[PDB]
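S.K.: Protein chains in written order, with the deposited numbering: chain A, 1 to 292; chain B, 693 to 776, 786 to 790; chain C, 135 to 149; chain D, 989 to 1037; chain E, 989 to 1037; chain F, 1236 to 1333; chain G, 298 to 395; chain H, 396 to 593; chain I, 153 to 227.
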């Protein structure tokens, strides 16, 4: 078992989140610096997010060790994932939700049914906190419980594109994000995010409380925004490149507006309908935790 | 016609078979609303996990699928020692 | 007709 | 060496999948009742034999 | 160089079709509805698939 | 010329410690690295807390690499069998309203 | 080349290769690195071997396997085609291979 | 009277049986073969040539065709191996969750009641095996109730297609209609038709 | 009736107001099984990916119902 520090698991160098960029391992924030925004005529106004359902889906008798992390990260930023609701192994997270369960969420991102030798794992209490919300990802598909896949993206915009003033106001112009860019940049970014150990970020977002939690929210804001950026590229209506004096600037339009588009394209990872409901549920939960 | 043969003979046969050495589990309690099988694994710290009862779907043994239609011949195409000159040891 | 405890398969899908 | 028929031991023999070999290794294994969740329980003298 | 594989029914449809393809430029070929008046409409996210 | 060259003069000089102009293989030829959770290849990390460089990101050739592959238990492209069960009466089928 | 370590007669080559392998930034490896078992059947399904192969071919092969694996469709989904090519309310049972 | 032999080791045999259950697929079939043989040696049930499915001369009545054929769709020919097997399965241990051989009934004709009766008889002659396949039979019963009692079916399903008993023994219906896989038999879930809750 | 039938919607034809015209109707009103707001959201978002559909700001019988047009001019 890994003891959780005074800060989150994210304080450990073992869980550093760093997208590749300009021949080095950039922290997500210094990539977010590269982003710039062309405001348009439309306005995003964030409605209050509905409270996530009390129900935690049954973790049906699965003998094996589910690889939960890989599933979440590929339903979120995968270059080929689809029918993420079909297997429905996200419900397995619920097995960790019980007090004193023998299940352990390993750093590998696997859910072992039993504590096992030479496999380090998160403190079961904190994991019970994290499961207590994110097990609800298991009912991202069920008709009674699906998230809005349209409204929540306005929040994404605010947490990504928003200035401190637009953020405090709760209403920002729809923006067209852009950055000077290399070939295949969005695919490289998303694959560099699929590798992230996001369960660290999620477990700390659920377990930490008080001032120690708040310092997390600032320290890891840019990480959240990077995931948000990959999602927003997944739903952007179009991702043009602009030539400009032998420098190319990638431009995605628009941040904060789900286009619902499901046809594939070389430029960015694509959501099947199932991944739309998944990411929308994930966002409902993750923002519901993020604002408190 | 067939009921005497079931209740007053075959019943006894289940009762004895129920005591046979290898019939070693509580298969049913008589309560459909509540009964669930007791469930077990051979598990180890070293990472093994072997359920005794797994669902695997139809096997080579021919034991898993259950045709309920078997009930028909039983009701309407079977003699019994008790039902059927009608003396029979 | 005759009793059969297996799935009574009678077609084959191509990939 | 001890003359026993170990055929199909440690294997599933599904009709549509063919035989599938599972690992035999299980050092220090115990019979233990599991939760319906599939997670294991502590041995209770009260219910387990 | 690459003689594509085909099932016998596919060779049959091929020879039924079954010849030239060269008349059409495909330089940046796209699929677009034309108005019955004959102008080529821009792609419409709410109409065209 | 000889851009493709990886090794030169695999022989030992009997006087000097290594032959003049002998060239050792690049270390990248030997870093198997890992397979990323994404499925892209990586080199090994150059320091702890650092992720490895993706192999396709740079110009060196690596000659040892993880490849995912399927064991006998998988199989794909096999014809699979089913039980079709036609409707009991054509007049009992319904089309609308779905 | 990494296999030449402590086997090549050539001295400088062996020293340079042993150096490149003893470096933190690199690590040669051959054989079965990783394994993915089924959740229900428990048998191993997708295993990652460290082959001696150019990273281009490995990257492509991994792309194929990744598309096949992350699609999350089985051969049971094929009945959805049979349902489209057979009369409405026709039935299809088994075998749930998963 | 002393027997010069080792005591029968209950604990070690129950353990080795568990291990074999976890590792040896043939085991289920081994055990059935004993029971089945016993049934054969009890000489308790035999097939006859003479079927008795229909009253005379209803098989001959023209109106009965749609009924008669229905019954003939269900009536398997008798075979002692299969009959004895159905008997033995009631008491042999189950190491691989049994599944119902799926019925494709749509329940339009009144004659379709046959299938329901076939379940009832099966619930009577073999309560144990029925209890193992009951959810998969519930899936046919739902297509039955929705066609014969749509209002009551609406209310029943609206309560929940399944439930899960808790501590204190109270039931908690899902509130959600859904098909029941045998994958659920090992789960906390129960088919709701059999809750017997008014 | 959605529960009784298991269908996700019923496509119900509109009457013409005058009973003398027998003209083919410009649209038809589909009625969805969407008991809660969440189901309504999912159906609307799916509807926003399909040709010639529109809807009211609120629905009678408190049940979601969409108009489906035969042609653009009718819409």
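Where is the CB? At the ideal position from N, CA and C, for every residue including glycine.
(1) Residue 57 (chain A) to residue 94 (chain A), Cα distance in whole Å?
(2) Could one say the Cβ of residue 999 (chain D) lies closer than 8 angstroms to chain H's Cβ atoms, at least one of them?
(3) Kindly indicate if chain C contains any beta-carbon less than 8 angstroms away from that of residue 375 (chain G).
(4) Assuming residue 207 (chain A) and residue 4 (chain A) are in contact, meaning their beta carbons sit under 8 angstroms apart, how far apart are those beta carbons, in whole angstroms?
(5) If you compare alpha carbons, which of F:1316, F:1280, F:1296 and F:1313 is closest to residue 1240 (chain F)?
(6) Quick one: does residue 139 (chain C) have its CB under 8 angstroms from some CB of chain F?
(7) Excluding sequence positions up to five away, which residues of its chain have a Cβ less than 6 angstroms from the Cβ of residue 193 (chain A)?
(8) Between residue 749 (chain B) and chain G, is any beta-carbon pair separated by less than 8 angstroms?
(9) Quick one: which chain I residues come within Cβ less than 7 angstroms of residue 552 (chain H)?
(10) In chain D, which residues lie with their C-beta within 9 angstroms of the C-beta of residue 735 (chain B)?
(11) So for residue 37 (chain A), helix, strand or coil by DSSP?
(12) Roughly how many whole angstroms lie between the Cα atoms of residue 197 (chain A) and residue 109 (chain A)?
(13) Ignore the nearest five residues each way along the sequence and tell me which others in residue 175 (chain A)'s own chain have a CB closer than 8 angstroms to its CB.
(14) Anything in chain E within Cβ reach of residue 203 (chain I), meaning under 8 angstroms, just list it in chain order.
(15) Can you give the beta carbon distance from residue 282 (chain A) to residue 84 (chain A), rounded, assuming they're within the 8 angstroms contact cut?
(16) Among G:376, G:371 and G:346, which residue has its Cα nearest to the Cα of residue 1276 (chain F)?
(17) Looking at C-beta atoms only, is the number of pairs between the region 306–314 of chain G and the region 415–433 of chain H that lie closer than 8 angstroms three or more?
(18) In chain order, which alpha helix (DSSP H) runs of at least 4 residues are fully inside the region 176–245 of chain A?
(19) I'd like to know if residue 414 (chain H) contacts chain A, where contact means its C-beta is closer than 8 angstroms to some C-beta of that chain.
(20) Between the Cα of residue 126 (chain A) and the Cα atoms of A:188, A:202, A:102 and A:112, which residue gives the shortest distance?
(21) Within the 8 angstroms Cβ cut-off, does residue 25 (chain A) reach chain F?
(22) Just how far apart, CA to CA, sit residue 185 (chain I) and residue 218 (chain I)?
(23) Quick one: grab the DSSP three-state call for residue 464 (chain H).
(24) May I ask which residues mark the beginning and end of the beta strand (DSSP E) holding residue 1316 (chain F)?
(25) Closer than 8 angstroms, CB to CB, is residue 1307 (chain F) near chain H or not?
(26) For a contact defined as C-beta to C-beta under 7 angstroms, what are the partners of residue 1259 (chain F) on chain I?
(27) For the region 761–769 of chain B against the region 463–470 of chain H, do three or more pairs of beta-carbon atoms, one drawn from each stretch, fall closer than 8 angstroms, so that the two count as touching?
(28) Any idea if residue 190 (chain A) is buried or exposed, counting beta-carbon neighbours within 10 angstroms, 16 or more meaning buried?
(29) Which of helix, strand or coil does DSSP assign to residue 138 (chain A)?
(30) Determine whether the beta carbon atoms of residue 526 (chain H) and residue 574 (chain H) lie at a separation below 8 angstroms.
(31) Would you check if there are 3 or more beta carbon pairs closer than 8 angstroms linking the region 504–520 of chain H to the region 564–578 of chain H?
(32) Quick check on the DSSP output: what are the complete beta strand (DSSP E) runs of length 3 or more inside the region 556–586 of chain H, in order along the chain?
(33) Quick one: residues in its chain with C-beta nearer than 6 angstroms to the C-beta of residue 65 (chain A), no 5 flanking neighbours on either side, listed in chain order?
(34) Taking its Cβ as the centre, do 16 or more other Cβ atoms sit within 10 Å of residue 1004 (chain E), making it buried, or is it exposed?
(35) Would residue 177 (chain I) and residue 165 (chain I) qualify as a contact pair, given that the criterion is a beta-carbon distance under 8 angstroms?
(36) How about residue 397 (chain H): is its C-beta nearer than 8 angstroms to some C-beta of chain A?
M.R.: Reading off the structure:
(1) The count along the first chain starts at 1 and reaches residue 57 (chain A) at position 57. The count along the first chain starts at 1 and reaches residue 94 (chain A) at position 94. C-alpha separation (whole angstroms): 7 angstroms.
(2) Counted from its first residue, the fourth chain places residue 999 (chain D) at position 11. It does; some Cβ of chain H falls within 8 angstroms.
(3) Within the seventh chain, residue 375 (chain G) is the residue found at index 78, counting from 1. It does: the Cβ of residue 375 (chain G) has a partner Cβ on chain C nearer than 8 angstroms.
(4) Along the first chain, one-based indexing puts residue 207 (chain A) at 207. Along the first chain, one-based indexing puts residue 4 (chain A) at 4. Indeed, because the Cβ distance is near 7 angstroms, the residues count as touching under 8 angstroms.
(5) Position 5 of the sixth chain, counting from 1, holds the residue named residue 1240 (chain F). Among F:1316, F:1280, F:1296 and F:1313, the Cα nearest to that of residue 1240 (chain F) belongs to F:1296.
(6) For this step, residue 139 (chain C) is matched to residue 5 along the third chain. No, no contact with chain F.
(7) Residue numbering aside, residue 193 (chain A) sits at position 193 when the first chain is read from its first letter. If we look at residue 193 (chain A) and ignore the five residues flanking it on each side, its Cβ neighbours are 77 and 230.
(8) Within the second chain, residue 749 (chain B) is the residue found at index 57, counting from 1. Cβ-Cβ to chain G under 8 angstroms: yes for residue 749 (chain B).
(9) Within the eighth chain, the letter at position 157 stands for residue 552 (chain H). Near residue 552 (chain H) (Cβ distances below 7 angstroms), the residues of chain I are 155.
(10) Indexing the second chain from 1 puts residue 735 (chain B) at position 43. Going along chain D in sequence order, the residues near residue 735 (chain B) (Cβ under 9 angstroms) are 1014, 1017, 1018, 1019, 1020, 1022 and 1028.
(11) One-based indexing of the first chain puts residue 37 (chain A) at position 37. Here residue 37 (chain A) sits in strand by DSSP.
(12) Residue mapping note: residue 197 (chain A) aligns to position 197 of the first chain, counting from 1. Residue mapping note: residue 109 (chain A) aligns to position 109 of the first chain, counting from 1. Spanning the two alpha carbons is a distance of roughly 8 angstroms.
(13) Here residue 175 (chain A) refers to the residue found at position 175 when the first chain is read from its first residue. 37, 38, 39, 40, 157, 161, 254, 255 and 256, listed in sequence order.
(14) Counting from one through the ninth chain, the residue named residue 203 (chain I) turns up at place 51. Here the neighbours are 1034 and 1035.
(15) Here residue 282 (chain A) refers to the residue found at position 282 of the first chain. Here residue 84 (chain A) refers to the residue found at position 84 of the first chain. At roughly 10 angstroms, the Cβ-Cβ gap does not stay under 8 angstroms, so residue 282 (chain A) and residue 84 (chain A) are not in contact.
(16) Here residue 1276 (chain F) is taken as the residue at index 41 of the sixth chain, counted from 1. Nearest option by C-alpha distance: G:346.
(17) no
(18) 185–194, 198–207, 211–219 and 221–235
(19) Indexing the eighth chain from 1 puts residue 414 (chain H) at position 19. Closer than 8 angstroms: no.
(20) To locate residue 126 (chain A), count along the first chain from 1; it is residue 126. It is A:202.
(21) Reading the first chain from its first residue, position 25 is the one you call residue 25 (chain A). Closer than 8 angstroms: yes.
(22) On the ninth chain, position 33 is the one that residue 185 (chain I) refers to. On the ninth chain, position 66 is the one that residue 218 (chain I) refers to. Going from the Cα of residue 185 (chain I) to the Cα of residue 218 (chain I) covers about 12 angstroms.
(23) Position 69 of the eighth chain holds residue 464 (chain H). If DSSP states are grouped into helix, strand and coil, residue 464 (chain H) belongs with the helices.
(24) Position 81 of the sixth chain, counted from the first residue, corresponds to residue 1316 (chain F). 1315–1320 is the extent of the beta strand (DSSP E) around residue 1316 (chain F).
(25) Taking the sixth chain and counting its residues from 1, the one referred to as residue 1307 (chain F) is at position 72. Not closer than 8 angstroms to any Cβ of chain H, the Cβ of residue 1307 (chain F) fails to qualify, so no.
(26) Taking the sixth chain and counting its residues from 1, one reaches residue 1259 (chain F) at position 24. Chain I residues near residue 1259 (chain F): none, gap ~58 angstroms exceeds 7 angstroms.
(27) yes
(28) Taking the first chain and counting its residues from 1, the one referred to as residue 190 (chain A) is at position 190. With 16 or more Cβ atoms within 10 Å of its Cβ, residue 190 (chain A) is classed as buried.
(29) Sequence index remark: in the first chain, residue 138 (chain A) carries index 138 (1-based). Note: residue 138 (chain A) maps to helix in three-state DSSP.
(30) The residue you call residue 526 (chain H) lines up with position 131 of the eighth chain. The residue you call residue 574 (chain H) lines up with position 179 of the eighth chain. Not a contact, by the Cβ cut-off of 8 angstroms.
(31) no
(32) none
(33) Indexing the first chain from 1 puts residue 65 (chain A) at position 65. Within the same chain, residue 65 (chain A) has close Cβ partners 110 and 112.
(34) The residue given as residue 1004 (chain E) occupies position 16 in the fifth chain. So residue 1004 (chain E) ends up on the exposed side.
(35) As a first step, residue 177 (chain I) must be located in the ninth chain, where it is residue number 25. As a first step, residue 165 (chain I) must be located in the ninth chain, where it is residue number 13. Yes; because the gap between Cβ atoms is below 8 angstroms, this pair is in contact.
(36) To locate residue 397 (chain H), count along the eighth chain from 1; it is residue 2. Judged by the 8 angstroms Cβ criterion, residue 397 (chain H) is not in contact with chain A.
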